[PDB]
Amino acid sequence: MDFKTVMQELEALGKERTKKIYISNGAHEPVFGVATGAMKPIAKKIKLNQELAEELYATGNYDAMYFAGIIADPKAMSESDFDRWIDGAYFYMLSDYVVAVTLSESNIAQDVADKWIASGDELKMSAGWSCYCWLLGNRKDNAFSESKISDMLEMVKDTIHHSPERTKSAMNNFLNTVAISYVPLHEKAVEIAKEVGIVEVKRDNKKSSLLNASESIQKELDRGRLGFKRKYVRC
């Protein structure tokens, strides 16, 4: 399995309806429209290869870029590498579900995430908040500072409604994840979600997403998932 065969199989796996959805979300050609679950068999056959990942990411093809994140070697990627990737994440599916998930598995996750949240750039900030969501699922609470997370909750409470569209989404995912995956602040997260209320994420040529963190949190509790931690399911 190399670049050639991967690009060929990915294309074969694509479908028109999944393709229209991605494009609907902000993706642009080239794109095949591959459902994530279909990549598991290919992933299984490829050992982390940063060279291959780079090549795939460089195609500018969303599906290939998504797959690149799966087979990347995050422990070998430097801050510089991540800035190259994030600079190529043209829409949220890339910044939140690809770059941020990969970063969450590096040794510099929090440092990069933090500079990105402070960058003032919508997608970079979105990837940053997103990274924290994945981190809270990958690591024990003991790997984080309670006061830091707590100050982040307050920042979200005071600024989510005025943040860039994509950033609001990531920030809302942060509220949910802290409430469910970082129990030390469960009560506060619930309290702030109630204070935040409905968060609207405006989208191009489609109904905006009306996010309800309080509701989401409550649904997770109904499923008995308080304290539930798990890595992001990539495929």
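Quick note: we count residues from 1 along the sequence shown, nothing fancier.
Q: Report the stretch with the higher mean CA temperature factor, choosing between 173-181 and 26-34 on the basis of the entry.
A: Comparing averages over the C-alpha atoms only gives 26-34.
Q: Should the higher mean CA B-factor in the entry be assigned to 132-140 or to 75-83?
A: Higher of the two, by average CA B-factor, is 75-83.
Q: Among the modelled residues of this chain, does the Cα B factor of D63 put it in the lowest, middle or highest third?
A: As the PDB entry reports it, the C-alpha B-factor of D63 lands in the lowest third of its chain.
Q: How does the C-alpha B factor of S119 compare with the rest of the chain: lowest, middle or highest third?
A: It belongs to the highest third of the chain when residues are ordered by C-alpha B-factor.
Q: Using the B-factors in the PDB entry, rank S126's C-alpha atom against the chain and give the third, lowest, middle or highest.
A: Its C-alpha B-factor, which the entry lists for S126, ranks in the lowest third among residues of this chain.
Q: Place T102 in the lowest, middle or highest third of its chain's C-alpha B-factors, as listed in the PDB entry.
A: It falls in the bottom third of the chain.
Q: Split the chain's modelled residues into thirds by Cα B-factor; is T18 in the lowest, middle or highest one?
A: Top third by C-alpha B-factor.
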